[PDB]
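Here you get one chain, nothing else, as structure tokens; it is the form deposited in one PDB entry.
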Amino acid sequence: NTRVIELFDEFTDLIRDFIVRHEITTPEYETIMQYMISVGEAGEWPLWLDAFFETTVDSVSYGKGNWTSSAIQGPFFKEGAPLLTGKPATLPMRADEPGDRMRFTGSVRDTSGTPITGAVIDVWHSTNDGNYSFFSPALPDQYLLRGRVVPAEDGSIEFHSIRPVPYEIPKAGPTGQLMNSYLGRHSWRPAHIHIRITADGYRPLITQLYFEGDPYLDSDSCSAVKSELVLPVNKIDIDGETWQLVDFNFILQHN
């Protein structure tokens, strides 16, 4: 209420000032209004807002230091994921899964460098097909390439899955329309894998990890890229199946 008065008026002055400086004409104004009505008539608001701004909303709420870097949450988020204690600890995947086989390896330590046994690491990512879990007419609503993973008591974590590939935001919806058509660019996101991490007495982390030589690194449609988060790739041909091995050392909050 007093906070919204502050921002709202500060916001207002700013847009008005934009209209005045750029002499926004009526047809223009009307084209914006129609456009916004679009975005809402589809369901792309969270899509649209997260794609341009949440990278910034994250660089403020969490912070910007040796905390291992934060990345956008993203509409695709998994709630109530399944616990995993598998043999080499695979993620749930439809049999004879296309895509490169992938192995992630890493840790959960803090400031000091001592493991935080009480951690819970939630992971999710798209198919090689370019479709996420739950929501796509081509996929069941059932937990696939999503899950919750506990670290070892020394800290270390590991899981198997498949190698994600760059997803493009629909070339056809208002957001894509903007990225592709009117702005004349691309709506591709670099191949990434999502991560959340919970604990007792630690601030939660939410982020992504990308890959080296990812074509859309230096042009993420959602601007969620940092340097600290681009992973080194180890190409190993366990023959028939070719493998991709990756490492990461997640550090955390501290309440």
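The term rigid core refers to the most C-alpha atoms you can superpose between the two forms while keeping them within 1.5 Å. Just count from 1 along the sequence shown to find any residue number.
Beyond what is shown, the protein has a form deposited in another entry; the following relates to that form.
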property: Rigid core superposition between this form and the one not shown: residue from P204, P46, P215, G63 with Cα shift of 2 Å or more; result: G63
property: Per-residue C-alpha change between this form and the one not shown, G184, threshold 2 Å, rigid core fit; result: no
property: Yes/no, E168 Cα shift of 2 Å or more between this form and the one not shown with rigid core fixed; result: no
property: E97 C-alpha shift between this form and the one not shown of 2 Å or more, rigid core reference; result: yes
property: Direction of Cα pair change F135-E44 in the other form, magnitude 3 angstroms or more; result: closer
property: Direction of the Cα shift between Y35 and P137 in the other form, where the change is 3 Å or more; result: closer
